[PDB]
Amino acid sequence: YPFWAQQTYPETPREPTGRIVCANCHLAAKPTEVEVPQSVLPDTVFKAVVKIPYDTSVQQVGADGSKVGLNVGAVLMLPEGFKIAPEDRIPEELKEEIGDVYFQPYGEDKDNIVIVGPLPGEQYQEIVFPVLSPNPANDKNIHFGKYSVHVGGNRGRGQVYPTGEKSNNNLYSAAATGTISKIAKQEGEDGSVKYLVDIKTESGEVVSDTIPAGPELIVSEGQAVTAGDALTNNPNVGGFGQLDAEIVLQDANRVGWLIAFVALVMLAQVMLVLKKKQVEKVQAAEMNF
């Protein structure tokens, strides 16, 4: 969950390599997209869309053993001064597009780093962010220019809890070398389905492993298998994806003067062409070239 990111990784969800900390637990990779505008004027509300698509009719393994749908979540890292728009500055069209989304900041004053926790993956395949651009005119460490936008999107359950123990949404290997004896399927009083294992063979060792049911089994009975043989299947149908984008915090005055200069250039070009034409007439008459 995006809030587990900020729990384990309080400073930033981005490591110095540009890898988003999310990937430390969401171990498979699916595609994530972003739509930002190429440029925005200062003090303007614009839309950033984060797309987390997955096959809607495929289902995942739930915490117990079930086969449930999946949730979407994303971190959006914006440039300095950028932040989620106040509700009274968002137009209506945009309001309807956003849905029931609880934008939180990653930490105090980290207003440009925006977490978006679990959302039902069937109405939020794409997440709409209403963002308000800052303004160089009345904030002296915000300057016009082009800045990065980092995006981290996930669908589906993770693989590691904050505590460091695996979830039921991954693979399970074999402990040591040797022939497996019994694959018993005992249980406690609280949690439901579990599965035991045993090994041995040759002078030494009688060890055992238990697998939280939910994935699947693909093992027969009794095989001289070494350390780390895939005895599971992979239940994971989700994944995490990163992107980078760029946004230009643009100044209207820059662009105004550009249009003006471009116009001057084109005029000057007409002038020169017409001047050539005058000379072409003079040369035809007075043969002296």
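So that there is no doubt, residue numbering starts at 1 and follows the sequence shown.
Engineer: Hey, which bit's got the bigger mean C-alpha B factor in the entry, 211-219 or 67-75?
Structural biologist: Taking the mean B-factor of the alpha carbons in each, 211-219 is higher.
Engineer: For the stretches 104-112 and 178-186, which has the higher mean C-alpha B-factor as given in the deposited record?
Structural biologist: Result: 178-186.
Engineer: So if I compare the CA B-factors in the entry for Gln125, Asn170, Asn141, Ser133, which one is the largest?
Structural biologist: Among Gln125, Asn170, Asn141, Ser133, the PDB entry lists the largest C-alpha B-factor for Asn170.
Engineer: Comparing recorded Cα B-factors across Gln159, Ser148, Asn154, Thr201, which one is largest?
Structural biologist: So the option with the highest C-alpha B-factor is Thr201.
Engineer: Consider only the C-alpha atoms of the modelled residues in this chain, order them by B-factor as the entry records it, and name the third containing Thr32: lowest, middle or highest.
Structural biologist: Middle third by C-alpha B-factor.
Engineer: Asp229's Cα B-factor: lowest, middle or highest third of the chain?
Structural biologist: Highest third, going by the recorded CA B-factors of the chain.
Engineer: Compared with the other modelled residues in the chain, in which third is the CA B-factor of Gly121?
Structural biologist: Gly121: CA B-factor falls in the middle third of its chain.
Engineer: Check where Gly81 lands among this chain's C-alpha B-factors and tell me if it's the lowest, middle or highest third.
Structural biologist: Answer is lowest: the recorded C-alpha B-factor places it there.
Engineer: What third of the chain does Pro235 rank in for C-alpha temperature factor, lowest, middle or highest?
Structural biologist: For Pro235, the deposited C-alpha B-factor lands in the highest third.
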